[PDB]
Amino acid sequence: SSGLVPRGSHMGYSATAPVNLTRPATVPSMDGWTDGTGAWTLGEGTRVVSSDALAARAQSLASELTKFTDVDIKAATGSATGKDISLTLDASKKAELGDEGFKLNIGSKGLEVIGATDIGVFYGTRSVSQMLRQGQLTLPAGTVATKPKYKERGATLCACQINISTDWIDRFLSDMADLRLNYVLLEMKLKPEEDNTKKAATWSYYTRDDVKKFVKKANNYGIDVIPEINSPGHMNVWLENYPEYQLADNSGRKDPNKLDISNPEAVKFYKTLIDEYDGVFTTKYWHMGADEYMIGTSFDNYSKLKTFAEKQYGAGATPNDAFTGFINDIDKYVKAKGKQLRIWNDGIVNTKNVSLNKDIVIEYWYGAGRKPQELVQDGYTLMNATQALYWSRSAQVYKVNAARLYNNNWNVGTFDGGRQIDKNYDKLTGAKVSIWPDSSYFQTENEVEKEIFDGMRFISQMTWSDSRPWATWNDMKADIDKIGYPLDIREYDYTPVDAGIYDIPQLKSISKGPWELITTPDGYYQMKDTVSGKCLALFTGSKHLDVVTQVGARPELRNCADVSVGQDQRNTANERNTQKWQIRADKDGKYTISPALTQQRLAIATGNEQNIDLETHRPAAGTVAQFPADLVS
């Protein structure tokens, strides 16, 4: 017989270790590891030891490691033993480590993590968590120091028109932290509450309380959450109810997507929104978008902007000048609030009388138009937001192919359309992936989460390490899978109730029930009415992005769709996903039911809910309808 038995190494340091014991992988990679003698084992009695200042980081790391390892790991202050993980903040090491980098020393003093900042220590602890959560509790001795090549590393998350649940955003933020990603551009609506903007409080929106909460979580993770309110284009969700601010074409037809930048009350409305955001985001940036103002048309159809340009910026001024002038004016405005402005690059147009301010960060996604190398020559600060790093729920042209990018040698200087710039350009800030909803019924947010996994690891690797230590993408993939999600994602209770037969009094206006609940692979439920044999759907109402956003829309019974299939079944996506329901448990015990696509909450209508949509249609009082959570708590 083989005699196979667990090795069962003693906890702490051992001078003996096999020469080729695996060093568990991390993402980002920690390049330039220097091997030392022996190995260190996490085991019974191992503690995370730190100063008082780092106590919170130590306690959190101990708790997490206890969960992953099944060993009771406690935090402590005072002296560390070779059994222990030590956290050290040494701010004198800024040259070696920078604002975000860290050093690991693994040896007879235990596992030491050193950073020059709180975020640095935290980022070192992410590698420690990654290394210890792969079923191996012995780590080869040695040392490494690592810091990110680029300062901004992250994602555009367009939580726009449709709502991305705050629970999803919290998970997203935990995933970003695991991956040492420090940037999220969040295009979203913060619920407008002043008399002069409140008619734009249509769904999707986020409450001030909800934003304050995820910004606080982000900041603890070293993540800069930058808001975007796109302007002067893509303004439908803001101007629908304010036709007075919409731009009319030569024939007098207004577009709810277009802000009239010649109307000073329209510009003031935009600035009012900036002021509303300022109370809840902590970032020093403002992103105003400036993409696709004239999509589906041209400035020739808006002669009024030419007229405005000439008045404002002198004879010969063009609509491009007026557009750039609006950008420069928003720059002036947010600077005076201590912020730096950011735009999308298609906002950079050929001007005559006005020139675009060079203190504006350019996030470059669109390679038609002024080329990267040209902007380099100009001296602009640039972030790589290539379309190669896009996902869309509906536009299948936009699915990140991490394999292809890894194998083809993309790096952060590889701008849109494969146009290379010097990756060491001293004003290249970094790079990001971008997560766009577009026609939104094709994929649930949970399917989005599954799909983006590989691409998030790819961008993490190339923005921090800018190296390819895995021989191929497939080698990377095997290690990223072994590393897995951070604790918070593993803990999220996607489906808190068992499949089965339920009485659901909230649904009595639809059927007396009972209801058969079954779970879906994306972490939702289908709810079948045992009376009619049909399934509950949120199907009907006014939409944005082909998803029902109408506050007060009522659910309905429809023939049962097959909820067991994946997102490649595009032909049935709408019937399927309109039949998916998210069930959450209260603090504590009570359950809420939300349409998976809309992320509003079912409630019995009282007739006292207050919202712009409800001024013009209300569900019959006492019937069950969807509402944003803030109108029904």
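Residues carry their position along the shown sequence, with the first being 1. Heads up, when I say rigid core I mean the largest set of C-alphas that superpose within 1.5 Å between the two forms.
Novice: Is the larger C-alpha RMS shift in 5 other deposited structures of this protein, relative to this form with the rigid core superposed, found in 368-376 or in 99-107?
Specialist: Looking at 99-107 and 368-376 in 5 other deposited structures of this protein, the bigger mover is 368-376.
Novice: Between 346-354 and 244-252, which has the larger RMS C-alpha deviation from this form in 5 other deposited structures of this protein after core superposition?
Specialist: Most displaced of the pair in 5 other deposited structures of this protein: 346-354.
Novice: Name the higher of the two by mean Cα B-factor in the PDB entry, 535-543 versus 107-115.
Specialist: The entry gives the higher C-alpha B-factor average to 107-115.
Novice: Give the stretch, out of 574-582 and 30-38, with the larger mean C-alpha temperature factor in the deposited entry.
Specialist: On average, C-alpha B-factors are higher across 30-38.
Novice: Given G289, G124, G154, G338, identify the residue with the highest C-alpha B factor in the PDB entry.
Specialist: Top of the list by C-alpha B-factor: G338.
Novice: Identify, among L54, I593, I604, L597, the residue whose C-alpha carries the highest B-factor in the deposited PDB entry.
Specialist: Going by the entry's C-alpha B-factors, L54 comes out highest.
Novice: Within this chain, which third does the Cα B-factor at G314 fall in: lowest, middle or highest?
Specialist: For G314, the deposited C-alpha B-factor lands in the highest third.
Novice: For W515, does the deposited CA B-factor place it in the lowest, middle or highest third of the chain?
Specialist: Its C-alpha B-factor, which the entry lists for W515, ranks in the middle third among residues of this chain.
Novice: Can you tell me whether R468 has a C-alpha B-factor in the lowest, middle or highest third compared with the other modelled residues of the same chain?
Specialist: Middle third of the chain for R468's C-alpha B-factor.
Novice: Within this chain's modelled residues, let me know which third the CA B factor of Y425 belongs to: lowest, middle or highest.
Specialist: As the PDB entry reports it, the C-alpha B-factor of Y425 lands in the highest third of its chain.
Novice: Would you mind ranking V400 by its C-alpha B-factor against the rest of the chain and naming the third, lowest, middle or highest?
Specialist: CA B-factor rank for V400: lowest third.
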